[PDB]
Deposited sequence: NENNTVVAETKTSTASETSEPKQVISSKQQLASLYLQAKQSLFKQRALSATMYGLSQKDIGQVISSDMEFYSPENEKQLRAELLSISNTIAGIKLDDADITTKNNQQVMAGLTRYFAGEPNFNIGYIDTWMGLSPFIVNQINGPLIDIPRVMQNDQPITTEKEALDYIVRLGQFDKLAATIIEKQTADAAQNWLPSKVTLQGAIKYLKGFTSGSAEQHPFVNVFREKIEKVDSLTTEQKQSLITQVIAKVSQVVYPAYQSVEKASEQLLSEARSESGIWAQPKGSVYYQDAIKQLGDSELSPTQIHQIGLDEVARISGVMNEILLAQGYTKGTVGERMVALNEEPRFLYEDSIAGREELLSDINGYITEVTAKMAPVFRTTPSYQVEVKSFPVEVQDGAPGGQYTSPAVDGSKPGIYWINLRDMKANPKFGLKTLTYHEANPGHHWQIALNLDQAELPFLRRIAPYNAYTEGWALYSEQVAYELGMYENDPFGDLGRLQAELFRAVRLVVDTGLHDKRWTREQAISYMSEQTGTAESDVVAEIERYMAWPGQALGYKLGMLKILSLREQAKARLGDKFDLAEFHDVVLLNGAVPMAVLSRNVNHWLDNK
């Protein structure tokens, strides 16, 4: 007789193994192998045909529904595993009435399989160049074998984009044009000088168990796949995408798709972790912009900056030499030293309220020169589960004007500690949880936590004697409030791209070219921008409930342990855990 607990564990395992077998590049990203997946995936490719996507989603939805129906005969953790794992399997199944798009192991259902910012043709090369080990002849051969399957990757991607277009689901012209530009850029240089080759050359050079001739032969093999398989595959998709441009819509938001409003309401649930209407979320955005702006005005006035909007004033500050690193090797070294100093200081000073140290140490890297033009200002990538590849805070050193000194502390807290690295690494350390719970990509939790972290860094005194850094923190908070306004603007209120750009520029003092990339991101990722503030507001609301309940018995360190040590979760589960803690005090 299989107990309910045993049936549930099998289901959670089945979810893990099935998702990752079909998302073998995500498996590589996390450093998973046959021990984790139940089969070797190290040279497997991902495929995206209509039938692939249908079967993947149907399996996960079946698992979700079976998990949800089981009667436990159990502690809060066992109950929470059921609820979280039913939710996560539904998140990766996607909205069951939409067969469009593709399932992303981070974002869940994602609407445009080919787009300008992510999707398999952007992310699979990134994983292969960054996360896939090349330390042995066998690992080199896995890289070659993967490259050789790019023809099928491309044909299945086109088949899915075509299926979606047959149902009148396709990207806006802007989104499609941005995808084309990427795809053209990918094959614009010679194959022999492609990053797939150059990365391979740099890694294979380090391998002492291969003779120089053996290394040369493998490099030739890589060049052959890139030239013969990769290049025509990308060209194929570029041409297909070009064919779709005339049908692509001029409208910017997801409302313009068939059933787009229903899609967006689902995105709000999955990525904002909210059941509020787009109207209510928009208004919360407007109120937060007013509130944060008003705070920043006061600080500005006190520094003698009394003319113009908050945004104008922040633009003016970004021009002053005291806020700009030199555009030189030494200036970039200064920036990197400053970052490293910020991490060291906060990690030490934060210990009284972050009393559990995760088993992974973060590292800082600059985006390579080849990718920095399209890359974000900063990003965090998770460690491999085993620690063999570190968590990394990536920083974009392309333009010093884009790295004003007053914005670096908040970015650094957000990406590293007490933000993404601290949270993600702690979640990975919860080895008693079902595996998908250890990497659960709850956007509102994950982004809301990191934005909350930025405020906690202030409450720990990281901006002592630093009013301009504090303004940088508040500017970053303001930016995320603007996100509530512009994402709901575009996708429900039918704001155009240009109206959203103008609003965001005017409200935040951010440079137009950065704003253009953000608004186009929001257009490709409806709802994703909502997680940051909705999650932060909920964490803070919970904290305020706890402080009211406990009074002078409130301990922020305990609150942090309840929020972090139970992993990334839906807000409803985070509230249940806070309440369990309050009830037992």
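Counting the deposited sequence from 1, the stretches lacking C-alpha coordinates are 1 to 23, 97.
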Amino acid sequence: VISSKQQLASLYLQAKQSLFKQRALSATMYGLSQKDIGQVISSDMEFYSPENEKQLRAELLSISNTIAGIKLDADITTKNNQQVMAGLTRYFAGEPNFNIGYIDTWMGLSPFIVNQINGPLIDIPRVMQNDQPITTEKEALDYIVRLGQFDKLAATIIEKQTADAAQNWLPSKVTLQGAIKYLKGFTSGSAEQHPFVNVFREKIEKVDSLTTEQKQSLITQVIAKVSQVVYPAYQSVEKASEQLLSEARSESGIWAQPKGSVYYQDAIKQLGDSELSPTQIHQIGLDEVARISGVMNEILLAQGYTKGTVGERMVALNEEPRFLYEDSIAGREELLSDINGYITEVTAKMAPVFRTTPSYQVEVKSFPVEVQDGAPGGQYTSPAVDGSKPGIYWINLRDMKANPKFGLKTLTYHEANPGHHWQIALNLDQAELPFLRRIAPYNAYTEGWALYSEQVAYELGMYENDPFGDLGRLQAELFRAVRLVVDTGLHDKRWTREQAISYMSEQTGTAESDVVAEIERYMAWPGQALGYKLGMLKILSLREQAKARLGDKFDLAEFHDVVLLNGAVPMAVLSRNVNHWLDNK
From here on, numbers count along this sequence of modelled residues.
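For the pair 484 to 492 and 74 to 82, the mean Cα B-factor is higher in 74 to 82. Per-stretch averaging of Cα B factors for 213 to 221 and 88 to 96 places 213 to 221 on top. Based on the entry's C-alpha B-factors, the most elevated value among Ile134, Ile117, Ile103, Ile144 belongs to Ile134. Listed residues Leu60, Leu540, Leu534, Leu32 were ranked by CA B-factor as deposited; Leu32 comes out on top. In this PDB entry, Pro50 carries a Cα temperature factor that places it within the middle third of its chain's modelled residues. Per-chain ranking of the deposited C-alpha B factor places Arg355 in the middle third.
Among all modelled residues in its chain, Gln545 ranks in the highest third by Cα B-factor.
In this PDB entry, the Cα temperature factor of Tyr305 sits in the bottom third of its chain's modelled residues, the lowest group. Among all modelled residues in this chain, the alpha-carbon of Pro171 has a temperature factor (C-alpha) in the highest third.
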